[PDB]
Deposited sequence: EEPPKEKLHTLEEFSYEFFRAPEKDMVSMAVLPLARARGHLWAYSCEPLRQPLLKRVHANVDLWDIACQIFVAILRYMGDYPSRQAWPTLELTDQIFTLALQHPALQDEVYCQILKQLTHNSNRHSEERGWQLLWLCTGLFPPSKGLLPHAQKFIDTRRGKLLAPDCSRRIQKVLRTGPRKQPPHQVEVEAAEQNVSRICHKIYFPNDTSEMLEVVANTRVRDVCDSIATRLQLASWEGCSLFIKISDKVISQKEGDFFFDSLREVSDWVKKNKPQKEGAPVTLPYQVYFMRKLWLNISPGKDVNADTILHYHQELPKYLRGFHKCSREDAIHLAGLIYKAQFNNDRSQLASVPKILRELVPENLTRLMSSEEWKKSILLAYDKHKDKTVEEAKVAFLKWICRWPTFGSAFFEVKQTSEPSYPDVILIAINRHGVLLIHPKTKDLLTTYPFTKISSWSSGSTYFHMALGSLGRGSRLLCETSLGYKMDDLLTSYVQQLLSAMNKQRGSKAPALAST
């Protein structure tokens, strides 16, 4: 009744029980075609040791963090697919005639992880399928079967299990939710599976938030005081590990948060998607405005501060009671010196009082409508030390947006020059610099730690304009 790798082993296994559970460490691979590669003998045997350790069958005292074990079990099988069937056979082996319930429970966790990463080969699949089907009563067995179906559809993972996947596995839990944060200081729990792609999360988010579209939005990882965009086409759990590894090389699992935000500001027309405006756009543009990146007059700032106050406080006129606190949330930081505290309060209250009949949402949209045609609207900003132009200040502000690359004087906020996409011929970056070339022309060279981000945004804007 219970299907076994016994008959499979006659044709495809090494020769010396061998297809049944044992606590004795393997000394060569199980599959004859893996056994045929002496260079794979050591990895095949280290995988088995980690499997033994994970299931609790290794009589050691040095206990290992689970992620280190799952990394050992799966990482090299991803790079060298010849090992993929070997990992399956080693796991199903330890699940066959295993009379220790803890060990067997742990083995099913490994099979669950494994079927989220890659399928068996053509020849092993009917045996793995029957193995699972004849044990459909095990807690994780029905999902193992579904995961094989899904990974054959989407193709294999590139990174081993994420700590979130492993923690679900160790709980014998097959449903996973990941928190996603938004720029308006809210969050949602989003269900994800082993083969979820970043874009799948975004699709679900747009439904949940009732967005008209998420074009130009993505997920982002906030980690080690960086905020790094995630590739839409990547598997979500591959992206988390790839970015973590990169951060650890470029600069103890690392704490992190995932945000959903607008990345590319293309054809943003405030009022077209009010939910997008009030959840994403207002709350991303507001802090850039408050930092003083735009060229703004005193009267501009009074007008926008009335809308900002309404968006933040609705009907509560009492919050301007102490100007020293609140002014920083209402007026760009380069302009607060322009008038005294009481003059700011008087002017802002007069402007705010015009919004009695507006909603908070209407105030946020009006704020966006009033600034959306500014050349610095809809931008990512970078403060850099430029080394290519003697007539510019050493430190300049750089904006990257729909228009290309803007160089801005940090004191006057004037536009020093614009590099339109239609004229940029190349750019490159290192970890300490960013360089861009225009025509035959002009060159920009600057010191920055954010070249990788400038590169990402330029590549993304060019790709979107080409499509």
#### Entry: Unmodelled intervals of the deposited chain, in order
1-6, 23-39, 275-281, 471-473, 501-516
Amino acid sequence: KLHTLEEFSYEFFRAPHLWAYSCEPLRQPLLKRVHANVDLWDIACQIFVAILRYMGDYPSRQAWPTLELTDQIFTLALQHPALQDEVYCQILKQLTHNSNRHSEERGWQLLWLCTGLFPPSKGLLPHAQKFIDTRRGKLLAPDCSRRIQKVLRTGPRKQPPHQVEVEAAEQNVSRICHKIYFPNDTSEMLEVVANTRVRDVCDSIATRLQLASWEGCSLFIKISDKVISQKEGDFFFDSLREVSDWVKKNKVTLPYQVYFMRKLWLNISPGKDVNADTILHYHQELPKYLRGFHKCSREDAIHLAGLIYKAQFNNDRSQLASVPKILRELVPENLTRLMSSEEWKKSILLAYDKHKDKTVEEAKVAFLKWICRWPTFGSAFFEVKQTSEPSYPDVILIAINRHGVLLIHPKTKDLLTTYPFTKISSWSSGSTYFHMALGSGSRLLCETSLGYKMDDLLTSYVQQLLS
From here on, numbers count along this sequence of modelled residues.
### Query
Of the two stretches 260-268 and 300-308, which shows the higher Cα B-factor on average in the entry?
260-268
### Task
Name the higher of the two by mean Cα B-factor in the PDB entry, 122-130 versus 142-150.
122-130
### Summary
From the entry's CA B-factor values, the highest among 413, 435, 35, 402 is 35
### Message
Highest Cα temperature factor in the entry, among the options 85, 188, 234, 277: which one is it?
### Response
85
### Query
What third of its chain, lowest, middle or highest, does the C-alpha temperature factor of residue 418 fall into?
middle
### Query
Looking at the C-alpha B-factor of residue 11, is it in the lowest, middle or highest third of its chain?
highest
### Task
Rank-wise, by C-alpha B-factor, drop residue 218 into the lowest, middle or highest third of its chain.
lowest
### Query
How does residue 101 rank on Cα B-factor within its chain, lowest, middle or highest third?
highest
### Task
Select lowest, middle or highest to describe the third in which the CA B-factor of residue 194 falls within its chain in this entry.
middle
